[PDB]
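I would like the atomic coordinates for the input below:
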Amino acid sequence: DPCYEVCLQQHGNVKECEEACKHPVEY
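Numbering: from 1, shown residues only. This is the structure:
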């Protein structure tokens, strides 16, 4: 996913990153 990668690029794992990406994808 674009959001996830962008996040991951300079962020931790899912958990917080998820809440920040606000993208309810397949985990």
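
which residue packs closest to residue 11, ignoring adjacent ones?
Setting aside the residues directly before and after it, residue 11 is nearest to residue 17 in space (CB to CB, 6 or more residues apart in numbering), at 4.8 Å. From N, CA and C alone the C-beta is placed, and that goes for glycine too.

and the one you found, how many residues sit next to it?
16 (other CB atoms under 10 Å).

try residue 18
Residue 18, neighbours per other CB under 10 Å, totals 16.

mind listing residues that contact the helix or strand where it lies?
Assessed by DSSP states H and E, residue 18 sits inside helix 14-21. Helix 14-21 has contacts (CB atoms under 8 Å, 6 or more residues apart in numbering) with 1, 3-4, 7-8, 11, 27.

buried set for that helix?
Within helix 14-21, the residues scored as buried using 16 or more other CB atoms under 10 Å are 17-18, 21.

excluding covalently adjacent residues, which one is nearest to the most centrally placed residue in the chain?
The centroid of the chain falls nearest to residue 4 when counting by CA atoms, centre = their mean (3.6 Å). Take residue 4 and drop its neighbours on the chain: the residue closest to it by CB to CB, 6+ apart is residue 21, 6.2 Å away.

isn't residue 1 up against residue 22?
No: counting by CB atoms under 8 Å, residue 1 stays clear of residue 22, with 11.9 Å between them.

show me which of those two is the more surrounded one.
Each of residue 1 and residue 22 has its neighbours counted (other CB under 10 Å); residue 1 has more, 11 against 7.

excluding its backbone neighbours, what's nearest the more buried one?
Closest residue to residue 1 apart from its sequence neighbours, by CB to CB, 6+ apart: residue 25 at 5.6 Å.

secondary structure class for the residue of the chain most remote from its centre?
In the chain, counting by CA atoms, centre = their mean, residue 26 sits farthest out from the average C-alpha position, at 11.2 Å. Of the three states, residue 26 takes coil under DSSP: H, G, I helix; E, B strand; the rest coil.
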